[PDB]
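S.K.: first chunk of the complex, coordinates as they sit in the assembly:
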Amino acid sequence: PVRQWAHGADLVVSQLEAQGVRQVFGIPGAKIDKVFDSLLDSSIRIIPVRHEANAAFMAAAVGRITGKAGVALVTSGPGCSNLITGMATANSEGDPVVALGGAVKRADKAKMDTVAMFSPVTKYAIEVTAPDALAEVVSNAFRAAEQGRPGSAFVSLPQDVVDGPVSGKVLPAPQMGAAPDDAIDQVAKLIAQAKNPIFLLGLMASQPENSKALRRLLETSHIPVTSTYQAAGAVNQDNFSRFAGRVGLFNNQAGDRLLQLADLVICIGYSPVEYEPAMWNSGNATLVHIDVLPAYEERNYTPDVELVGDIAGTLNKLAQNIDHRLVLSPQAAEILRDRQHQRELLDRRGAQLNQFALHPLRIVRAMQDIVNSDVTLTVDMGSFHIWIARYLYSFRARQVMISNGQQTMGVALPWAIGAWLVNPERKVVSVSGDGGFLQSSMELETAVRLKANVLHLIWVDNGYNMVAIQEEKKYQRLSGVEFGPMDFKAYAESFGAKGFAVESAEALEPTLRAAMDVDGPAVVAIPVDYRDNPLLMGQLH
């Protein structure tokens, strides 16, 4: 219904409601405060954060889970530029985010060029200069964020546009069918002829709408699977016997050996940016691309067969047309048997008593004890990230947020807060180093204020270890990587959250269990002995 609106902000809020938005994250200011004011009259919850960067991280968590964009709302100038890192992180990981940023009155733009600053790190960036287009622009931002391979979108809203009246109407919010039957038959024939097929899963294969169809295709075909880190949660060792690990980080993965051995590779939901094809595509295998978009071709990614459409309907049709389960070639069996032994060796069953400060593998064990299938895990960036990534095969979480191609620090706690708001009846564990922690730890006030049931673990080394380990390897000396200690227990408690500090190994497991039982935000500082990190870092590409 074309309505007359007293304020553009009111039409904005009504469009947000049509988009299923449940919360907005951000920080108000004069240029944008009419949108904040209009939200008082809506069902949408206003969540003030303490740094705009984290509004973008929280929004990304909401977008990743729900498939509908999370929303950040900030004022002009620094409110917008404080989003840029967060928006680039969302765009890189495929998380649907819409950021609405205030701007000066249109008449004053003559006397920050936010659109130019956001264009390199968004799918869509635009400023509303014609009030008659307000709802169209917002709708287009959600469509850009949510459709295809999702990503981030930025809309600049001049103060006079959202304050003044407008004429317009709200616009209501699967958009593709399955790949054609002839293409399904073509792929099914290739599968029937292949001796060493393998599935390479990318981002879109991990979307919730695809989980049942993916499982049916794997159950029917029993074809080995390897996954990019964007798709780290699509399949795991505990739910598929022919899982070959995540590829992209470690130089000794079954998935890579199977990709090298393959005579047929079927990439599902995958874009080359997720794992450089020069690393895995020999060119000797027939290459099938299945995604919501055409292939992003490059010299090491020129598919022989290209299917575009609804992934679930496509995989369901494909499963319906596979004649027999794969019988592994002897080479493929050995690769997977090799990986079983690799996993046993990584478990370190017999070298199981430890020393202090805590050995990383001891911390991983204690984390895997408290993270079960009802718990979400978020992972920051740092040396601990490599440890957790190495042991993803033995984590059994509801969901793991870990993929981080920009390698942005500070993501874990805001990701966890956003994920908790989606399913607040559940617990979230976030883990970071001490460097990443302090880049977003201001949101502990937000977490206390929300009573968010988040447990944050800090691997404490008083430095930037992941950088130090590389400096030591290249130069045998450290520079800019050491800093001072903090009383993290007292730090957490000054916010009104529960604090814990692990003063002994034996206290590790009971402390984490005690922290998990807190109904609300808790922080646990865990001193770590990274001496053995060179051992793990040598397992990297």
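M.R.: Nice, thanks for sending it over. Numbering: from 1, shown residues only, chains lettered A, B, ... in the order given.

S.K.: Quick check: residue A:186 touching residue A:305?
M.R.: Yes - the criterion here is CB atoms under 8 Å, and residue A:186 meets it with residue A:305 at 6.0 Å. For the C-beta atoms, the positions are set from N, CA and C on the backbone; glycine is no exception.

S.K.: Pull out the buried positions in stretch A:277-287.
M.R.: A:277, A:280, A:281, A:285, A:286, A:287 (16 or more other CB atoms under 10 Å).

S.K.: With distance to residue A:491 as added columns, please give those residues in TSV.
M.R.: Shown next, in TSV, are those (distance: CB to CB, whole Å):
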residue	distance to residue A:491
A:277	45
A:280	43
A:281	48
A:285	52
A:286	56
A:287	51
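
S.K.: possible to save the residues you listed as a markdown table with secondary structure and distance to residue A:435?
M.R.: Output for the buried residues of stretch A:277-287, formatted as a markdown table (DSSP: H, G, I helix; E, B strand; the rest coil; distance: CB to CB, whole Å):
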| residue | secondary structure | distance to residue A:435 |
| --- | --- | --- |
| A:277 | helix | 32 |
| A:280 | coil | 32 |
| A:281 | coil | 35 |
| A:285 | coil | 41 |
| A:286 | strand | 45 |
| A:287 | strand | 40 |
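
S.K.: which residues touch the residue nearest to residue A:287 when sequence neighbours are not counted?
M.R.: Of all residues not flanking residue A:287 in the chain, residue A:303 sits nearest, at 4.6 Å (CB to CB, 6 or more residues apart in numbering). Residue A:303 makes contact with A:267, A:287, A:288, A:289, A:295, A:297, according to CB atoms under 8 Å, 6 or more residues apart in numbering.

S.K.: then add chain B to what we have above:
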Amino acid sequence: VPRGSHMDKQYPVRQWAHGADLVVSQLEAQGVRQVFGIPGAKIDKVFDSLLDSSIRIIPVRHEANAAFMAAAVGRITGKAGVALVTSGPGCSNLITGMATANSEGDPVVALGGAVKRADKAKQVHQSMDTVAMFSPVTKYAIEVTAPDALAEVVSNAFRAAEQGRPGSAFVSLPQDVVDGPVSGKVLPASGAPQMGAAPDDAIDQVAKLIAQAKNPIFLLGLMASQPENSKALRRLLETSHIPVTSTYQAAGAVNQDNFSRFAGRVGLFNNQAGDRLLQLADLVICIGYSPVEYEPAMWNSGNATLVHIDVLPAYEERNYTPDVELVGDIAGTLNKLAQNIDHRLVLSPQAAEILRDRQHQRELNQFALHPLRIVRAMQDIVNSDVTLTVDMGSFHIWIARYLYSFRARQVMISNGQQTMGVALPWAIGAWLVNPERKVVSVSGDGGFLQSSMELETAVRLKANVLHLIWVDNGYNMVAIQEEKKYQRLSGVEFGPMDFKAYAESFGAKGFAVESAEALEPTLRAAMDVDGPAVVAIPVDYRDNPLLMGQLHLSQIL
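M.R.: Following on from the chains above, chain B is added here:
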């Protein structure tokens, strides 16, 4: 055997002596048959490497026209036409042509020379960031900074130009990259994706809307004209019997000879059959259409249900917010829709009356010639075997107004950016694709002189092109609007020329119509010339104000 194989004898991995050789080998894999351009030092190794190829070098006389010629090739073949130019002004002379191709959806790849990578940042070259200059007028614009990426970038440029909604693509080639060695292979070209149709539930939703509509109409856009959609479109029209109108970009997607309920074109006039059926419609089904082709505020009354069928979701703007989107392979969607239509449309009395009115067309000795006399004489020489290309100016409006009585099956007229000078270069490009057929190009005297340097190219090629000039000694399309708004003229009058002698100085055949009676015999004589000819036709534009009141005037730039 796989496309990416490093042991394919048809696409071997080689240590190429010059990156230019790999570029040329890649062009061959893209099906390129000729390149249009002007050489210079930075790009001359690509010109040289083309000597060892089956690809023909066609030197033009101004780079803008290389882009125009390439667009004609792209539109007709569906594979990108290619322009090749040197650094600096060789590149910047392409920008209007690349914008025109991108706006019309014509696949064009421009390869432009650049200074050596080490010299890029020197102040001498600060006013020629060509990627920044081409980004606003292309789908794809990139510079090759790594020799290993040479084939990938050229391949990706063709893929951007040709796939999705086609458009123009620019590649900057630094001199040291094309002159120096490279290791790599050609990337074999891929076809269109095997794309799902729209979802079945959405298609049923639209079938039900069709069953309930009293005045449905199909609005065809650019992608409806692609050959992969031809059979499916024909079958849907035969099964549904729903009327159809086409934007100018939809080209010959449908013709009156095959479908009795074709209402003609939309995009310029406000009062023709297609416009009246769109105004009457309770359901508009757009196929392969984007608002770039025809501003929706001009045709969408907001009273009809709106369906969007295309390979891409809609970009919602004012007056184009579809109620249902059918996203996917157009042919697959149309085939599924045709299966779910239970009966042929019984036209409303008003709709039947609109189409009957279009069927009626009753088919002037003043000198200078009346526009209608010129149109009628052109319709005599332009038969189904002849391609027609049309420039921009008042004559374009006359020709568009009576396009229904031209029987050329190949017409290049669509020109949303309203670029002058396009007609002769479009005609040369079209002739090169089908040299066994005559092309007739038509312009005003303003547009003629913006690209007439290519008459030398036409003579050198022996192109069978007849160019007609409507001569008024001014920029009439601008004058009409100035007279209407201000009742006085500014900047629209210039002096006369002897266009017969002008054409002959190129070695083309020249003609000038000096009386009304001489029009038709002169056109026949110029048509019988086997090679380039130019005919000047003095025109009396007195009646033009009456035609422009039938136009969407706000669209004129």
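
S.K.: now with chain B: the contacts of residue A:303?
M.R.: Contact partners of residue A:303, counting by CB atoms under 8 Å, 6 or more residues apart in numbering or on different chains, are A:267, A:287, A:288, A:289, A:295, A:297, B:3, B:190.

S.K.: got the residues of the stretch 301-450 of chain A near chain B?
M.R.: A:301, A:302, A:303, A:304, A:305, A:306, A:307, A:308, A:309, A:310, A:313, A:314 (CB under 8 Å from any CB of the partner chain).

S.K.: before we move on, what SS does residue A:126 have?
M.R.: strand (DSSP: H, G, I helix; E, B strand; the rest coil).

S.K.: How many residues are close by it?
M.R.: 19 (other CB atoms under 10 Å in any protein chain shown).

S.K.: ok, it - contacts?
M.R.: Going by CB under 8 Å, 6+ apart, residue A:126 touches A:115, A:137, A:140, A:141, A:154, A:155, A:156.

S.K.: Could you grab the helix/strand/coil label for the last one?
M.R.: Under the three-state scheme (three-state DSSP), the conformation of residue A:156 reads as strand.

S.K.: is it true that it touches residue A:79?
M.R.: No - judged on CB under 8 Å, residue A:156 makes no contact with residue A:79 at a distance of 11.1 Å.

S.K.: overlap in contacts of these two?
M.R.: Residues touching both residue A:156 and residue A:79 (CB under 8 Å, 6+ apart) are A:101, A:102.

S.K.: Tabulate the CA atom coordinates of the lengthiest helix in chain A in CSV.
M.R.: Longest helix in chain A by number of residues (criterion: DSSP state H): helix A:330-347. Presented in CSV, the C-alpha positions along helix A:330-347 are these (Å, rounded to 0.1, in the frame of the first residue of the first chain):
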residue,chain,number,x,y,z
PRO,A,330,43.0,-49.0,-3.3
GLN,A,331,44.8,-45.7,-3.4
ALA,A,332,41.8,-43.9,-2.0
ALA,A,333,41.4,-46.4,0.8
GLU,A,334,45.0,-46.0,1.7
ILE,A,335,44.7,-42.2,1.8
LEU,A,336,41.7,-42.5,4.2
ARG,A,337,43.4,-45.2,6.3
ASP,A,338,46.4,-42.9,6.4
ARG,A,339,44.2,-40.1,7.7
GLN,A,340,42.8,-42.4,10.4
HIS,A,341,46.3,-43.0,11.6
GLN,A,342,47.1,-39.3,11.3
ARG,A,343,44.1,-38.6,13.6
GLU,A,344,45.3,-41.2,16.1
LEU,A,345,48.8,-39.6,16.1
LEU,A,346,47.3,-36.2,16.6
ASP,A,347,45.2,-37.5,19.5
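
S.K.: to the structure above, add chain C:
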Amino acid sequence: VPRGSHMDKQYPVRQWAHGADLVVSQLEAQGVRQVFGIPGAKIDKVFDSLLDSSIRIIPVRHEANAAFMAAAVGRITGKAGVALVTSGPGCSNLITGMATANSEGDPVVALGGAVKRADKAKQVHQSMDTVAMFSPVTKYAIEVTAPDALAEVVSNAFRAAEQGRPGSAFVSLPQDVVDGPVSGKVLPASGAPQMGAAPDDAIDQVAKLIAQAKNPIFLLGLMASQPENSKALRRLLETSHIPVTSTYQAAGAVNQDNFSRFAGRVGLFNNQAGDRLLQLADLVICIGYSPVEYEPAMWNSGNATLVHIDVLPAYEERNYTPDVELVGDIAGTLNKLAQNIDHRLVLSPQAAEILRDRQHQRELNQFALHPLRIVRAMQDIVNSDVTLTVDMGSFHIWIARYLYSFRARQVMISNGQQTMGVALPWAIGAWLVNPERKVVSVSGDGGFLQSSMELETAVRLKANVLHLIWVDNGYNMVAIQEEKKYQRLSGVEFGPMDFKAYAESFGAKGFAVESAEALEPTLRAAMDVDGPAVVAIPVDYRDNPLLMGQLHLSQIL
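M.R.: Placed with the earlier chains, chain C looks like this:
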């Protein structure tokens, strides 16, 4: 009485009916005497408002040449030439011309139409973000989005074009802004700033360097040619007696007639007097020079102390990192330096020998004509009362090589971007500034046909321009380098034309040289024509490889 007064009867605050009227009033305040361009609907109110002004409307036949003509006006008058075009292709047709003006430092303001503000974002217009397209090739590019800013933006565009190091500036004018009402006043134009000279301690530092140098030389750039610096430059040269060489952008900053130690120009050759003195120098003092004019890697051996004198600090690049910078008003700095020079330079034997060698110049009946024969005949008709303009191609190198024996005081040849087509439009612009003087323009057949449409403009204006074509039926400058590198040619040959008849079809006088003996009498006859004339001169380019070995070959685009 103050410049910003709201009660100035000479610049009243008004409720203007149309923003276009305020634009035109602002142009009058900037001293604009004519505008070059092509109208269209979006911009036609500015054309209309010019009817009520003393400013002359000059319609051109291709927008590129409006930019070229404007550059000639800017260079000669020091106040920006003005191009006026419509939206879309009217704007994008300017880009090469704006880049050429910016690179040469010619002040040019282009006013381009645009769609109404409300329509800017519609998809039809997505390929014409003109500010983004012009930003890489201008000093200043902006769109007026607030009517209250109309005069400010036009004023600021002239200030960007004219002040500092001059260049080109673009203003986008939305149709609704120029058609609708505005409240405001004209902004009176300001002069150059009253700028301090370089600091006294730095000037003494350079005076001491002069006192110690055995082979000092002045290298003059663009800003040395500005009239405000003329007396100061002359006085410094007379006091110091230091030799001087000029980039091509320095124009007529110094001539051999006034200063006996002028070594000629640098920028193309590697072996002329200026190049040898720069190679010999222990001290190089650059005045008004920027590396954009002449790549420092070509001339700076790194063995001399380097002084930078300009209104702006240096931008340090490879081979241009000055040891002392004298930043400030050039005239003020040169006047202070002259006061601190204690004696005239005694030239070194080598330096004196270099200059003696330049003084020697001993001042061929084959057909086609030898280039040297053509140069010598041109030197007969080009006297101090005649302006000479020169296009790009091999003939440019010949003319540059013997520029020392042309006695025209006004020569437009500098062309770092190497843009073809410049000469005829430059000549028309120059003639409009001083219509009492003859202009001779010279091009090849390639460059001729890129701008020859302006022969109609020349005939319509009755411009006293003689255009000479060196005719080889190819793109020779490219062919020479292809032959040298590859020993074969590609894309450089085209067909012949009857240029006499070509010119006559415009109503210009045409001539064709058919024998060596006929060259000089034909040139004299074409020179005696009072109005536009064209002379075709067949040229034998066999010897060109010998000339190009004297060039910095890497500079050719």
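
S.K.: The buried residues of stretch A:277-287 again, this time with chain C added?
M.R.: A:277, A:280, A:281, A:282, A:283, A:284, A:285, A:286, A:287 (16 or more other CB atoms under 10 Å in any protein chain shown).

S.K.: for the first one, what are its contacts?
M.R.: Yep, that's residue A:277 we're talking about. A:298, A:300, A:301.

S.K.: What is the burial count for residue A:160?
M.R.: 16.

S.K.: Quick check: closest non-adjacent residue to the residue in chain A that chain C sits nearest to.
M.R.: For chain A, the nearest residue to chain C under the criterion CB to the nearest CB is residue A:110, separated by 4.1 Å. Once flanking residues are discounted, residue A:110 sits nearest to residue C:146: 4.1 Å by CB to CB, 6 or more residues apart in numbering or on different chains.

S.K.: pretty sure residue A:326 contacts residue A:221?
M.R.: Yes - using CB under 8 Å, residue A:326 is in contact with residue A:221, at 6.1 Å.

S.K.: more neighbours, these two?
M.R.: residue A:221 (23 against 19).

S.K.: show me the contacts for the more buried one.
M.R.: Per CB under 8 Å, 6+ apart, neighbours of residue A:221: A:191, A:197, A:319, A:322, A:325, A:326.

S.K.: Pull out the buried residues from the residues you listed.
M.R.: Counted by 16+ other CB under 10 Å, the contacts of residue A:221 give A:191, A:197, A:319, A:322, A:326 as buried.

S.K.: Let me know whether the third one touches residue A:214 as I believe.
M.R.: Looking back up the chat, that one is residue A:319. No - using CB under 8 Å, residue A:319 is not in contact with residue A:214; the gap is 9.3 Å.

S.K.: Just name the closest of the buried ones among the contacts of residue A:221 to chain B, please.
M.R.: Of these, the one sitting nearest to chain B (CB to the nearest CB) turns out to be residue A:197, at 13.6 Å.
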